Ligand SMILES: Nc1ncnc2c1ncn2[C@@H]1O[C@H](CSCC[C@H](N)C(=O)O)[C@@H](O)[C@H]1O
């Protein structure tokens, strides 16, 4: 009679909360999805071994079109868990799955876990200063989407930081790199000539957040566009003007150049 | 000789990530602070029992003024952990403590935990639609803060939601309720009269996120300003223009008036 939405955290199998693990261990069935994101620092095998339950993986269609035919029926007469990378209900379409549960006469509870939305705090940027967030998407065929670029302009205009998720093909395991995102943005800039993202723009790159050894780097696009930030996933952040303390952190902790202490403050 | 900033999570001691618990268990000395937020579902005892260590609680002054004299010294010789509610670097100034660690020749690592900042996902509001966030601070003497009112206006104009952290004076056991935050906002509307926050403004209240049964309520200020949402902590959210599915969730899950189902696009 209960469905548990349990987050797995940021990077590996230990990023799940003690509450999340203990509850999942007492469930009769355990589902998971890895289409909204992947746990780059672990495997399904390691996650199963830790929970001690076999985990049936679901596709985007399994969830989006048949959550009520696949997961909810079992939740009617058992304790069922639905695992997802990060914090549950962060992924735009997930909240409504709770409405489905309600409609099916199933109770649902949410066990939270670390999300990249809060993990970026490790970049030293004050979290209250973040504005609208967006995802950078790959152009394709006759379609060049550029709204993420307009958002950077609108946020920075107001002194707000912009968090940019990079496109991902979880099935193909093809991640967009911070480098590809920057070059995409330089291309969009050349098209709109808006002066929003150039070689002189200051950006922050966060890779493998959650890991004990994440890669935190800050600098101008002209020097970072070709730097190796390691293995995915990659998160890109275009900061609005900086508070002196944020700059000091980026310089001391993320190796940013002294120049931002006068140029971007 | 290392320093770990370990988040304890949103509500009780089980909201700590497995990574955090296992590392906290092997540390030589364990420090913590409980003034940046409130964990209503646990006590210091349960935390000590859970990690098997004496925890010495620090005050805002011990941290802001003597972190480098109290904590950093031991980090030179032993492995130390600094426990904080939620995520250690979110809506705090704890990030700056890493700079102090570096300048003292001490290595630091951050272990994330579920933060209220991503927990907003449980309100059904798309977290990418959140704009700049702010804190509603208690008036002090003749000084009456009002920036949080302008922020709501700014975000609303852009159709973005506004997350409002509520104030806290842990040394006096004071935790601002959503009700008090609403009262303060109506007063500010009085001074400014920008038509930003009134009896007809739709708001969302999330209380004690992280527990199995948090209070999630949505409605008009005229009907919510006197309603009891349980014990703290509470945050307050002033949504902008809603998406259809955001509205459906608020009504079905957060018990909002059916008529916010009709959006004025
Ligand atoms: N479980 C919870 N439920 C509702 N609000 C919460 C909360 N935990 C924190 N808050 C809100 O945030 C304020 C403290 S701000 C510090 C936040 C913390 N680092 C984190 O990651 O969550 C509180 O006064 C309250 O308004």
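Quick reminder: no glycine exception, Cβ is built from N, Cα and C everywhere.
DSSP assigns residue A:10 (S-adenosyl-L-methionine binding site) to coil in the three-state reduction, outside any helix or strand. Swiss-Prot lists A:10, A:87, A:90, A:115, A:116, A:166, A:209, A:234 with the feature S-adenosyl-L-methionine binding site, giving sequence analysis as the kind of evidence.
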DSSP state at residue A:116 (S-adenosyl-L-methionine binding site), helix/strand/coil: helix
Listed binding-site residues (A:10, A:115, A:234) that sit near chain B [CB under 8 A]: A:10, A:115
Pairwise C-alpha maximum, in angstrom, for the residues (A:10, A:87, A:90, A:115, A:116, A:166, A:209, A:234) that bind S-adenosyl-L-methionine according to the record: 18
For residue A:115 (S-adenosyl-L-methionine binding site), nearby residues of its own chain (Cβ under 8 Å, 6 or more apart in sequence): A:7, A:10, A:86, A:87, A:90
